[PDB]
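Note: ideal-geometry Cβ built from the backbone for every residue, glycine included; neighbour counts use all protein chains shown. What follows is calculated from the coordinates using simple rules that are stated; it is not laboratory data.
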Amino acid sequence: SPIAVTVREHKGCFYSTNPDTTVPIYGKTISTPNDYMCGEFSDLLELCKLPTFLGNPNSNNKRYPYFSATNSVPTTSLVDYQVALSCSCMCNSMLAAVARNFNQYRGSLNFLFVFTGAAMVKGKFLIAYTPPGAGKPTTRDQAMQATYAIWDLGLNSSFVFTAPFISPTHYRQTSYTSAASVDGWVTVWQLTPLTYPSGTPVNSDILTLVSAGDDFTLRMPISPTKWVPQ
Amino acid sequence: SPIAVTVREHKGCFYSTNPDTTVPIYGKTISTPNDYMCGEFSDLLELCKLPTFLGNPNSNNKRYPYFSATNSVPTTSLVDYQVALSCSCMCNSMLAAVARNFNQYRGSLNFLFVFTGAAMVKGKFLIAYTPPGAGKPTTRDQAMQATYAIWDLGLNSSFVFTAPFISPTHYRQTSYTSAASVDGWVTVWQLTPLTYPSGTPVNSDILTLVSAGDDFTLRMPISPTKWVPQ
Amino acid sequence: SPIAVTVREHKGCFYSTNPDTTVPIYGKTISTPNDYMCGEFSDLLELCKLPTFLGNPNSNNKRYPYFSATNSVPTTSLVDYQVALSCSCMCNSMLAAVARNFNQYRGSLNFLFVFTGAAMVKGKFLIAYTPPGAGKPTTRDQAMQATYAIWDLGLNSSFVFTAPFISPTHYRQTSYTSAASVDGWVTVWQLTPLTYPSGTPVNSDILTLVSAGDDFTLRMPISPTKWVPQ
Amino acid sequence: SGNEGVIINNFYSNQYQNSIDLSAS
Amino acid sequence: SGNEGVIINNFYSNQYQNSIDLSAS
Amino acid sequence: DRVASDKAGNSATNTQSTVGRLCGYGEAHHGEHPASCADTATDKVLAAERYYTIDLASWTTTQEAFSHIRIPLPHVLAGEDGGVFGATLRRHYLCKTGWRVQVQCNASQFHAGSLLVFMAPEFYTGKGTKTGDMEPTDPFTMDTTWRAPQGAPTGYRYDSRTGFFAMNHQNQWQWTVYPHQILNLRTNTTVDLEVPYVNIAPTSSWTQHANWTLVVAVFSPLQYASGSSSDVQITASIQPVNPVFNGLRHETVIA
Amino acid sequence: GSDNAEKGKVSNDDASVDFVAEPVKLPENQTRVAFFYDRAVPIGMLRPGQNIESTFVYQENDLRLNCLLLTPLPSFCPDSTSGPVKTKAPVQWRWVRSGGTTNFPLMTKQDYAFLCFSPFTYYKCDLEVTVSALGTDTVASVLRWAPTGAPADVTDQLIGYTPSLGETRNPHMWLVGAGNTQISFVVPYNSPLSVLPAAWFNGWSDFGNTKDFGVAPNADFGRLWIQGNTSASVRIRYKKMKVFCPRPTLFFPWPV
């Protein structure tokens, strides 16, 4: 005998994200063996932790994988990244590229700095993270009141700075979709001037990369506003 | 009570290759007993290993189950088969006839040669397989650098030559569908001239058959471009 | 939650012979008790074994439940039944009546003969079965070369003759649907003349009945070409 | 052996779903 | 691992539902 | 071990250049009675179970690749040449049998050429189109002259038209898929074959069906220098393997 | 390497035999008679000569019939010195034939795939049939089936305004209504014969040996008759197929 069934109102409907499979039309087909392969990965999240380059704008407004410093203490900040995946200087980092395909995030962002000036050059920088509430810092002195770390030049070329995940909510939206615009700023300042000897290039370049820190996660897979490369 | 069901978008659809059965309308019908029968087989693949004839073209361009040799060492090759199921001299072999119903293959092809010249005749041939990359061989000398075997006439009438399965990919397409055209060539050359005594037919015929070797397999059942026998 | 279902192409379709049941609308209804009944049966096949009458045609072409013999040895045969369910002299036997509702048969046919001439009458008959291949017999002598049995009159009134199931195929079609027309013939001949005394009816009648033998079976239930009783 | 890959593959009894194989001898 | 969350998830045999994974070596 | 003899009743074949006996479908007719017949079969007739040796054909330099001759069974032995076997066969509705055959043909070490000797089930033996009925002619008779191959083996239609193809088509390029052996002038003067009983039914209405065919086809053309013996025949020894007869009756007039 | 074709066969090698190499074989099943033929393929189509309310009658139209023969082999209204007799049920033909001047379409119906590729002498199996609607109108159709050799019973309507084809104890199907458009089902190997000829039957079909040579009797799976308002494409599918005694496949044209 036939089984009686109640046909639900939503029939014939197709679901782009339906949690189930469909009909197989070419069964028993072996998948060409690829056991020789290396370089395989399972989690988009890992791509996120690979540090990639921040795009720093020039007066004539064109980008560099870095920023410059010299024998002076600029009254204002050297560079300033806005902790915000949507944010533009990151527009082209793997971190942001992955993040734009997800609705929310949580955890630490890691900012990586690499000193490429001459071995004979020295100096110290003050990297800081400022949470919202009192507006963005306008002076090293103010910045120094928030989360910060001093970066000393020397034998070791680089420095990993962590922008802590300090927030009201367990998660944060990944995109500038309407306007609360940000989650604070990362600002870089000179503590002491780049110092050096005669015969040395007076202007040193510091490579600036960014990446997802250890704590970090993304969720809710979505589509970004469509775009066209330049 | 009735079971509630969600009716999938693909309803009422018919699948030529649907992995399932349909409704039975004349049940309990006994299938006329055929226990007496012999000659039964289960795998199309076996048909593939039965050596059948290669169609060798004549000047006036008509085909023969073989090729001819004599008391000379033709500067060029005696015959040359292009290791490629789609290939034409095989157009009519069981191997090719089966293969055209499948999308891909793997393994060895076996070329079978049978000497039908007179018992009193002698001589030696050089059969070779040349993989791609450096173009098809134009001289015994070149051919001799690739995979080859020397065939000596004598008491034993025939010779089984194996075109090895040497390839970048685990599988190979069975058909000339667009153009990489081939997987190398099988070329037959005279090593030494057919030699013999007075009173003997100077031109000996060598039967040429082809078949799938031991290693050999086919997969993905499909339809060939439809044709009409002459 | 609802169960997702794939609705097959053949939906809403009705099957005259569908191997399944349908919806019950008047349940719990007791079936009027009939335990008192006798004469019940389960297999149409049994009806087949009950011998019923063969319709023998007269010159003015009208039928009799029998045939006649006398004090002579007719150079030709007395009667001749064509082993073939479709066959007409059987048109009205239970055997044929059942058989026309089935596509194929197998096994023995039993021809029953009953002598109703006077007790004082004697004689012998030669009943034979001739398989195809050499055409139907035209003389007792020929018939005698095929399967046969001698029937001697005497105390015992009747005789059961079995037309053996001799065939190339495990089964045989029950109907003259197109044309191989038959499966051989059953022919009845006088061996010796009916002999008797003065004062006795010179022409004796032999009742002719037919039925399915023991081995016999039918299969594949079908519909006969519709008809109308005279 | 053939092109059938469904688990719940019974519903209709075997003898109905297919011709019955039987050996003459 | 993927975006599939149905319990009764068999019906069609595995080998039919998916390409068969096999290692050359 | 290339020297062999085979006996059958009061007959015996013999060869000094054999290359073995190829047994089709890897098995032989055991003489079982047909489950489709009720009558106890007539079988094991020594007089009928032997080699009937006859003429096949004359091989000449003229014949080309794939030219051939077809020999139908049992038909070719249903008449006189079939002795007791044919005589018994003619008086029975049904016959079921296998075949054991030896094809003979000798030349010399100075001759060249080769033959494909084989056996096929349900192989077309029709000679020509019968003017009027739209049917073949002499299906059951052995070819008395070599048959030319079809450049495009599409078979034979009877409707007097051409186009596409007929179900009686036979593609010679693949003939070696049938149970066979090759008769190569430089190697051997004989071939030995054997086949079981096969057919659309448990036993056969032989009178109207040639279920098996013995085919001899040329592969590489006969060749010989002037002075070399020019006359070359092809003969054959045919033997019915365990013939079983049913449905005894008056005699079918093959005649 | 070295061998002898004469004996009826030869060593079936792989690279490792003659050379410093080896067997590269991988597991693989898709080349099996059963699995391979176990897929649907069109053999012809059905066109109704009449309503769902009338008495059915054989009818042809531009090579289309209101009835069809279930066999892979070629079929059509019976041929005659004077042309195919179209007032009758289709039967098995001995060759394929163009509908007209150019090669296509074909006058005959058949499984072209199976013909171009049947590497065997005999076969058997059950047959799964599918009847799909070619049109888009709310359908009203009746389909009748019958086993090889059965009476066509192509008689008159007993009950007025209803389909004569439906008037039988034989397996018949009734399809009607919006969205209800395809008929699917499976029939048993129903032939009197033990096995079927894949291509040719080297014998006469009549005891008189005068007729239809090459065609075995009842060598089919029965037939279909249709009636109603809808034409349909008809495909068959080889169920639990078995083949015997290997033989050559249809010839393929050598390149000019």
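The table that follows gives values for the structure above.
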| quantity | calculated |
| --- | --- |
| B:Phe14 vs. criteria facing another protein chain (nearest Cβ under 7 Å), touching a helix residue (DSSP H, G or I) at 6+ places or on another chain (Cβ under 8 Å) and surrounded by fewer than 20 Cβ atoms within 10 Å (Cβ to Cβ) | no |
| Subset of the stretch A:55-105 (residues that are touching a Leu at 6+ places or on another chain (Cβ under 9 Å), among the small types (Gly, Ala, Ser) and crowded, with 20+ Cβ neighbours inside 10 Å) | A:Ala69, A:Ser93, A:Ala96, A:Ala99 |
| Qualifying residue in the stretch F:242-252 (condition: touching a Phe, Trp or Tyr at 6+ places or on another chain (Cβ under 6 Å) and surrounded by fewer than 24 Cβ atoms within 10 Å (Cβ to Cβ)) | no |
| Residue in the stretch B:101-108 that is within 12 Å of chain F (Cβ to nearest Cβ) and more than 10 Å from the chain's Cα centre (by Cα) present | no |
| Candidate set: the stretch C:150-182, residues that are within 13 Å of chain F (Cβ to nearest Cβ) and part of a strand (DSSP E or B); chosen: the one farthest from the chain's Cα centre (by Cα) | C:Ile166 |
| Selection count, the stretch G:89-136, where residues are out of contact with any strand residue (DSSP E or B) (no Cβ under 6 Å at 6 or more places or on another chain), hydroxyl-bearing (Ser, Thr, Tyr) and assigned to a loop (DSSP other than H, G, I, E, B) | 4 |
| Scope the stretch F:102-148; condition surrounded by 16 or more Cβ atoms within 10 Å (Cβ to Cβ), part of a strand (DSSP E or B) and away from chain B (no Cβ under 12 Å); matching residues | F:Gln102, F:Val103, F:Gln104, F:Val117, F:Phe118, F:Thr129, F:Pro136 |
| Test set (1) assigned to a loop (DSSP other than H, G, I, E, B); (2) surrounded by fewer than 13 Cβ atoms within 10 Å (Cβ to Cβ) - A:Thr200 fails condition number | (2) |
| Residue satisfying condition, being among the β-branched types (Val, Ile, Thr) and assigned to a loop (DSSP other than H, G, I, E, B), within set F:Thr18, F:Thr13 | F:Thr18 |
| Strands (runs of 3 or more DSSP E) wholly inside the stretch B:1-81 that include at least 3 residues being among the hydroxyl-bearing types (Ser, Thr, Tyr) and under 22 Å from G:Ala5 (Cβ atoms) | B:66-70 |
| Lone qualifier among A:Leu78, A:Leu54, A:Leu44 - being in contact with a helix residue (DSSP H, G or I) (Cβ under 6 Å, 6 or more places away or on another chain) and farther than 25 Å from B:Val7 by Cβ | A:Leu44 |
| Any hit, the stretch C:8-17, residues being β-branched (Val, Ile, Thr) and under 25 Å from B:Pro24 (Cα atoms) | yes |
| Residues located in the stretch G:118-150, provided they are more than 15 Å from G:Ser231 (Cβ to Cβ) and touching a helix residue (DSSP H, G or I) at 6+ places or on another chain (Cβ under 7 Å) | G:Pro119, G:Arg144 |
| Some residue of the stretch F:159-181 being more than 7 Å from every other protein chain (Cβ to nearest Cβ), more than 23 Å from B:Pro65 (Cα to Cα) and of a type in the set (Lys, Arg) | yes |
| Verdict on C:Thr21 being over 25 Å from C:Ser181 (Cβ atoms), over 23 Å from the mean Cα position of the chain (by Cα) and not acidic (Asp, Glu) | yes |
| Check on F:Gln239, over 30 Å from G:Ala219 (Cα atoms) and polar (S, T, N, Q) | yes |
| Cross-chain or 6+ apart pairs with Cβ under 7 Å, the stretch C:175-194 first and under 13 Å from C:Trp151 (Cβ atoms), then part of a loop (DSSP other than H, G, I, E, B) and among the polar types (S, T, N, Q) | C:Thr187/C:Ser77; C:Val188/C:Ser77; C:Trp189/C:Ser77; C:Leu194/C:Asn71 |
| Segments classed as strands (runs of 3 or more DSSP E), wholly inside the stretch G:137-256, with at least 1 members that are farther than 30 Å from B:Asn58 by Cα and within 12 Å of chain F (Cβ to nearest Cβ) | G:232-246 |
| Among the candidates B:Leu126, B:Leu112, residue that is in a strand (DSSP E or B), within 11 Å of the chain's Cα centre (by Cα) and closer than 30 Å to F:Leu115 by Cα | B:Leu112 |
| Residues (in contact with a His (Cβ under 8 Å, 6 or more places away or on another chain) and more than 9 Å from chain G (Cβ to nearest Cβ)) located in the stretch F:196-205 | F:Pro196, F:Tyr197 |
| In the stretch C:211-228, residue nearest to the other protein chains (Cβ to nearest Cβ) [restricted to those that are among the small types (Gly, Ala, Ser) and assigned to a strand (DSSP E or B)] | C:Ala212 |
| Set F:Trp206, F:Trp175: member being within 30 Å of C:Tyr171 (Cβ to Cβ) and surrounded by 17 or more Cβ atoms within 10 Å (Cβ to Cβ) | F:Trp206 |
| Candidate set from the stretch B:132-149 (those that are among the aliphatic types (A, V, I, L, M) and either in contact with a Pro (Cβ under 7 Å, 6 or more places away or on another chain) or in a loop (DSSP other than H, G, I, E, B) (or both)); member that is surrounded by the fewest Cβ atoms within 10 Å (Cβ to Cβ) | B:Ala134 |
| Residues being buried (at least 19 other Cβ atoms within 10 Å of the Cβ) and part of a strand (DSSP E or B) - total across the stretch F:210-233 | 13 |
| Residue within the stretch F:73-88 that is surrounded by 23 or more Cβ atoms within 10 Å (Cβ to Cβ), among the hydrophobic types (A, V, I, L, M, F, W, C), part of a strand (DSSP E or B) and under 14 Å from the mean Cα position of the chain (by Cα) present | yes |
| Checking G:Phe114 against (1) surrounded by fewer than 23 Cβ atoms within 10 Å (Cβ to Cβ); (2) more than 14 Å from chain F (Cβ to nearest Cβ), the condition it does not meet | (2) |
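Residue by residue, here is whether (1) among the basic types (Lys, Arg); (2) under 30 Å from B:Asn103 (Cβ atoms); (3) within 14 Å of chain D (Cβ to nearest Cβ); (4) in a loop (DSSP other than H, G, I, E, B) holds:
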| site | (1), (2), (3), (4) |
| --- | --- |
| G:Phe19 | no, yes, no, yes |
| G:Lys25 | yes, yes, no, yes |
| G:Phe36 | no, yes, yes, no |
| G:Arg39 | yes, yes, yes, yes |
| G:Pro42 | no, yes, no, no |
| G:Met45 | no, yes, no, no |
| G:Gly49 | no, no, no, yes |
| G:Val57 | no, no, no, yes |
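Every residue, every condition in (1) over 20 Å from the mean Cα position of the chain (by Cα); (2) farther than 26 Å from F:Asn168 by Cβ, yes or no:
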| site | (1), (2) |
| --- | --- |
| G:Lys25 | yes, yes |
| G:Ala34 | no, yes |
| G:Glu53 | yes, yes |
| G:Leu69 | no, no |
| G:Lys88 | no, no |
